[PDB]
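Naming follows writing order (A, B, C, D, E, F, G, H and I), and every chain is counted from residue 1.
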Amino acid sequence: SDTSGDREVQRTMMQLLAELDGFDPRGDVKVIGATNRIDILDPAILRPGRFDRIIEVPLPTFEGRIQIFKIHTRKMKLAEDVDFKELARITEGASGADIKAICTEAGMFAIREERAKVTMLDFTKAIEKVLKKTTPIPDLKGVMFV
Amino acid sequence: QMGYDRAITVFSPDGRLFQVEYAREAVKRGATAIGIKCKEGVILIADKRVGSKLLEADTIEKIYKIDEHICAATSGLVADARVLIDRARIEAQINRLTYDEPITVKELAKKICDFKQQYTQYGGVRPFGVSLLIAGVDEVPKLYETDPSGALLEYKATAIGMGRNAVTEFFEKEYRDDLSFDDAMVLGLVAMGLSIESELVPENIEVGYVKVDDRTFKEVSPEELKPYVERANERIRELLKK
Amino acid sequence: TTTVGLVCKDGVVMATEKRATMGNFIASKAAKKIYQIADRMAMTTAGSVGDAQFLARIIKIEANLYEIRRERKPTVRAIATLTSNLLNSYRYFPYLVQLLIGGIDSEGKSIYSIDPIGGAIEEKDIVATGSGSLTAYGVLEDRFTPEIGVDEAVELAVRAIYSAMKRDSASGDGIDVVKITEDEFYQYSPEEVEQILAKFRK
Amino acid sequence: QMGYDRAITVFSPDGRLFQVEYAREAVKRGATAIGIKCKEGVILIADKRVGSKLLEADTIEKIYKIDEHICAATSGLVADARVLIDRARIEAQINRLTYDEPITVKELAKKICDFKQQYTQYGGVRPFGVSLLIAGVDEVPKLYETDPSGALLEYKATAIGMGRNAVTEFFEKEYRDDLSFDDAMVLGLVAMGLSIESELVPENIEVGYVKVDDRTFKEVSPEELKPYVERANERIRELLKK
Amino acid sequence: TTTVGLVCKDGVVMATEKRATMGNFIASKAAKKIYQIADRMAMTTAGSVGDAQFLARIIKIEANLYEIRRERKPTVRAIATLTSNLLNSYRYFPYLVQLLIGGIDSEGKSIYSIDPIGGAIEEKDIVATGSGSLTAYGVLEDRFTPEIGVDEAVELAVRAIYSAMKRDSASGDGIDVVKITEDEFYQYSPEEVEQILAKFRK
Amino acid sequence: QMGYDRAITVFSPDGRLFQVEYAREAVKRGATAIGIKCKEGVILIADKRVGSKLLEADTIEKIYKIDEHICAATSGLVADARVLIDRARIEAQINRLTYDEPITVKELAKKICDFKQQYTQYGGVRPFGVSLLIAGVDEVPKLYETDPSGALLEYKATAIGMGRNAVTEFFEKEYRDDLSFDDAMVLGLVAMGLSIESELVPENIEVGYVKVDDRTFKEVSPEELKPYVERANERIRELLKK
Amino acid sequence: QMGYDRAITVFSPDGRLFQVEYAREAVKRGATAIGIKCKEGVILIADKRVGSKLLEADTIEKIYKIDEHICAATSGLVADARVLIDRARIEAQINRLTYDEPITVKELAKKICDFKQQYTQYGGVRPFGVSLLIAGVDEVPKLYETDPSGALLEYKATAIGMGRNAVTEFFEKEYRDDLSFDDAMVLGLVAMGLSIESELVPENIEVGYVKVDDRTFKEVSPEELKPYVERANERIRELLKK
Amino acid sequence: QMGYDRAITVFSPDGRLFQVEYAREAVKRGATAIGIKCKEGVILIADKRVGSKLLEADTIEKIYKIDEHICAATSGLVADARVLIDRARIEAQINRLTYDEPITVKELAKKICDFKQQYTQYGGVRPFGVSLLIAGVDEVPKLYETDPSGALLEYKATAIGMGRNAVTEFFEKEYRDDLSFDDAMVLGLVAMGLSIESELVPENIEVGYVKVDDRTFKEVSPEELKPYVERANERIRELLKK
Amino acid sequence: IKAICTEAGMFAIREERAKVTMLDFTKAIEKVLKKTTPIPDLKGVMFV
């Protein structure tokens, strides 16, 4: 799929395989490593005994939403009318990076008002703004779509 | 890139043809209409706050007669409404011709589901980008939503548009099938208020209903809508505090 | 050929000739010309035999399909219109038959005549259709009340049919009386019918 | 990539019509349906519990009278259900026009299958993404499941839609070929109860059946339904102890 | 032209006329006139002769098509109702034939008469379409009984049509009769039939 | 978009039709055409400005006669507009054949909306890239704008074209409902004078009208243009002072 | 990579329809079906181990009657199979209709080869995904293969489906020309046993056959299967032991 | 040149459909077929050998009568061959219905080509995947090659298939314009023998000829092939080992 | 096959048992294979 590309990477891959346990000892490694796409691997590395416990890290569940928020909010000055369950319902089908992002959006919302304390009103509002990017419902009333 | 919405003749590998859910999105972006169904009739309320004052602000129409005893309302493209309402008017009359009964609320709804699915199934013609409320009294008050997909949903109350979601929630709390006509009208005016996020005017909404003791289509006149609206603004104000 | 139809408080009774004679031809002595369209709907036909049946099959089939699509039992009104439209659209394949559709439905009781050239007219509680029609009307109206019941109704139907068949050299025997009482669909058939006019003797 | 996938008229290098394969999982996204056959007739169960509380309890319907003695369930998209049943219903009566005979349980499902088969072959048109369970009595009970491909498999008990995975396991231990009518009906509600993995209320599920001794379609009212749904719930609770 | 038709207790027997003139030549020269639809199904026709010969080919093949397609044998009722549709389509050309279609099915024993434009009617006793019908009906009742053999039947059937030879413009001696007893499809033909009318004198 | 904008068979994630939105930009390309409605007639002012001096002013007109009491204007493709408008004439004429009655202005807009809608539904034909302004009088003045979608909006002061944004801003400040035929007559030449941003001559404009005391379409000759422009010029110089 | 299989109207440079070579690899996804020819008849064997136990023993059931002396089995899409069989029956019945001559097997397999080629030649419709064995006794036994392209080949034994390759090699060694019905029946069961790598039982295969001596189609019953199963498994055990 | 070949409405920059050229590589995935024209008639041979030895060589065909004086041999797909030959057979007879003179070899060959030309003219239709050799005697012996482009070319000795290259070298050397029937038959047989690289048997070659003196098609039996096959095999052996 | 044996030991530690037993070997055949390859893919719904 690229004559020059495939072989350069390929040579790297099969070196890393030699050292991982091809001959030379692992050296108590303990890899640990990460991939974004599982289907993109060559047959050699994919298999168990190159990484013995192949683990799916999914996108978090409904409860997982709630657990990530809890951690993050200790970092912030915390809601005053706390409820992590409501947010989790709306954010379901996001990622962990998105729980992080919403918290970031929540604090800055506080800077903008010049309140400089995060509260529930700030949290619900932040959730709306970040999910706004990620959903394509808003706009536009016609003219012809009315 | 996806290619499951480049046309409509496809699905994704998830099993979800994205393009007919995108015709659904056409509906959300367009503008509100509410059907509120009680046992004394069905009420149909739809936006007429459309445009500026350059426009006619008694702009025709969002409250279409299909007969004298079945009515319909819209959200989505009102190009695609104008022609679907046209199709719907011939369809109801064809029943009258070949059977000579009031076409029934169920039967109009199923014919129009068939009609949307003709466009949906072929690729040489796009789906409709319109959703419809069919409200009538055949002899039992009835309310249906027909999707851009061609699917049929019976509801106790139903809304479409921009404001769809707030209305769904609004009724989630108050609405009951035991509620009067007076009561049912005023509650749907409160909900119509939330949809546009502002206080109501009786020159800004167009209202029809099909009544049970008439069994007829009637359109609410400007100064007869004014007290229903008048009491609603008080409740609307309290809700806009939040 | 002739048919009569009356509206009762609880039923509709209609009657047909069940033996057709024209010259020396007998189409069968078991020949049906009473058609059941639906659970409490009947059709009684006068005019040509073969075209009666062929068109009649199509309307049974229709009664079901409407019934399934609307989820509700057919109107008397519905099927009367339906027949008329079909006939008008199919005059390149003409059926030379005079229908009477009646029965019981949610609207109540009524009987429509449908012309062999199409079109549905409604009859208040008496009707005769066919060549026996003139004698049959006055024969029927004598003991008529709207509140006349099913039991007197089937008797009252034989006398009109009976008058027409005995002067005529074209009929003389073979009659079916149909009762539709909102609980039964009886077809009385020539034998049982025979003792109704064996009361009135020769 | 993946495929070889933006037409129905293209096969993958595997030899599998990607398009059809994609549409069969769109069945699974819809409504669940449970069919079960005994030698006393065939009972058909259809999910009528759908969406928010704002919907009326009946959401059309989903369990259509197709002929006098055959009824069918649908799963997958209700929109597609309308057009696929319109011809199906016409076709069952076309058999009665041309033979005056009961239409075979076998022969109906095949002509349902032929519609969807037209929609696999022609590139001008999407395959419908809908699945019917076909229940009736020709002279003995027969249950078939029609597939989007236009595939035809005789079943003896089944589920499709959401409850497909749950119910295949359930029926390995439970299903039997000496079941009574009532026992089969209870086990069909147990199997739906398992599909949502929740307890039932009898007033938001619709069950219809064709017996041998009747050979007429019937429907079991919510007032009658109750005791079968109560014996079902003892056994659905047991299952959901784990 | 005339047909007769009778239901036995364990069969069905039908018969047809032969050895008249058609066009201007002797009709029976080795002609088929009782056509084999299925193994346990026939059709006998009174009307246009060559139309019946051609039409026979269509319904035999659709009878085989129903049997091959649906894994279930054709019912008597099925085949008559299909004919109805075929006769409607050919209502513009010489094609007027009044046909009785009989045999055995799971419903029991039956013979259906089908009218020129279509229109099936169950008779489980005797039937006779034809101009020969009134004369047929006479001969038929005298020794016809509700229970009759399937070899006592071929005698009655042969008789009736021979009395109709005189009532009709022409027809000879030796006719087709067929017995269909769920154990045989035996077609006698002029040689065998001639001997059964050799007891019936002149 | 970026792939779902290259046909009319697409929707987008947004819910709109990008081909139609592009087609509307085709209309923004054309020149400005303005209609004003008052209670004593309706007024149609078109630009007839030839872009080079080598063109004959007489024909490049927007203002097309449709019936003997309905005229209209156009912005968009010249080519598309001529067939479409030629069509609207044939439609007005069909109504007179079958009802012996001049077409209502509302009805004519509705019909010609539904002609643009079939070209948009059928994916085998591009949507036309024209909008109309239809001004006529049936018994009372009516003014409608047709979208390339088929969408129908009733107006009382409107424009389309390149000049649309400023004429909109213009009738917000100035337009009154208390204006005579004469007063609005001046206000439509001022509005045209704003967009083109210079003092006009009758040889780059054309005016046609329908009054209510006439019930006819007439066309304002070069002789009769001059006084309207003379009154207008005074107030046109003032708005170019800024 | 490449794109020569994205449409059936595209030849590869390799000189082959690559759509058709994956319609070859479409047959193979399905279950095994075998045909055997002897000099005393012709014998068609197809798997019936396909499905589950929650599916009937009278599920498909491949070996469709085409005439009273022709049977034909399938592999591939059962959907695509029924319609090719439906056509096969019509073609067969035409031959009796227009000639009063029983259909010739050479000619039936010809008319089918043309029909599957109709679907190959045109480019708005896909090629069938199915291979059939056309088999019968006109007056001598034939067993032919019709391929997904619609190509005619005569075999003296073949198989189609995932079992093909095992049976080709068995039949290259074992199959003879001195073969008799009894031996053939056992032989064909042995070979079916290599395909599924497992033993037989009367219900896990269906067999139809057309004798030379009868010259009618008769179907093998489950009772008649049993002695042929018994003998055959002798050799299955041995050939699955290494 | 890559993507000029995904449509048959598309010629390459070089100038030449690379789509028809890829259709001409599908002729070459057939087996060898040789035709040789002699002064006493026209002999046509084709490789009757096919696959594994399970197939019967004799029933498979490669070589058809087309008229009562014209034969044609095919190379390329069996699938396309059937359509093509059925066209050619029908065409050949229709000339004898409407002129009553048997069709000229030139003329049958032209009209089959004309028919192929129509199939490479449109995107909705794929080229023929075969070539025919059309061999007859109209008055003088002729031997043509049809092309999937739809060209006809007169020849005196020619091939199609994979054996094209070997035949071209062979006949460049050893072809003589004047030949007698017998000397010609061996030489034609010799060329095929080189192409398959193997010795002939009567049992795996099919030979048809139309001689000048009778003008009737004849099919040579295994029994009467034997002498020619001898002299030719001895020659073939000589050529592939000096 | 090596990874199955490693994983079967893991089930032993979680149940605080030193010995590897027969149940553990069956839990590990389930764990490992499933995470390597989805074995069916359903063909019988599309094909015969």
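The working rule: a residue touches a chain if its C-beta (ideal position, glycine included) is under 8 Å from a C-beta of that chain, and two chains touch if they have at least 3 such contacts.
Chains and their UniProt names: B, D, F, G, H = Proteasome subunit alpha; C, E = Proteasome subunit beta.
Across the two candidate interfaces, D-I and G-I, the one carrying more C-beta contacts is G-I. The most central chain, judged by C-alpha centres against the centre of all protein C-alpha atoms, is D.
Taking each chain's centre as the mean of its C-alpha atoms, chain D (Proteasome subunit alpha) lies 46 Å from chain E (Proteasome subunit beta). Rounded to a whole number, the gap between the C-alpha centres of chain A and chain C (Proteasome subunit beta) is 78 angstrom.
Put simply, the C-alpha centre of chain H (Proteasome subunit alpha) and that of chain I have 61 angstrom between them.
Taking each chain's centre as the mean of its C-alpha atoms, chain B (Proteasome subunit alpha) lies 31 Å from chain D (Proteasome subunit alpha).
Of all residues in chain G (Proteasome subunit alpha), those touching 2 or more other chains are 6-8, 29, 51, 60, 77-78, 124, listed in ascending order.
The set of chain C (Proteasome subunit beta) residues touching two or more other chains comprises 57, 69, 71. Multi-chain contact residues of chain I, defined as those touching 2 or more other chains: 44, 46. Listing the residues of chain B (Proteasome subunit alpha) that touch chain C (Proteasome subunit beta) in their complex gives 97-101, 104, 106-107, 110.
Against chain A, the residues of chain I that register as touching in their complex are 2-3, 6-7, 32, 35-36. Within the complex, the chain E (Proteasome subunit beta) residues that touch chain D (Proteasome subunit alpha) are 69-72, 75, 77-78, 80-82, 85, 120. Against chain D (Proteasome subunit alpha), the residues of chain G (Proteasome subunit alpha) that register as touching in their complex are 5-8, 19, 22-29, 51-56, 58-60, 77-80, 82-83, 119, 124-126, 129.
For chain B (Proteasome subunit alpha) in complex with chain D (Proteasome subunit alpha), the residues that touch the partner chain are 3, 6-17, 106, 110, 113-114, 116-118, 120-124, 144, 147, 149-158, 168, 171-172, 175.
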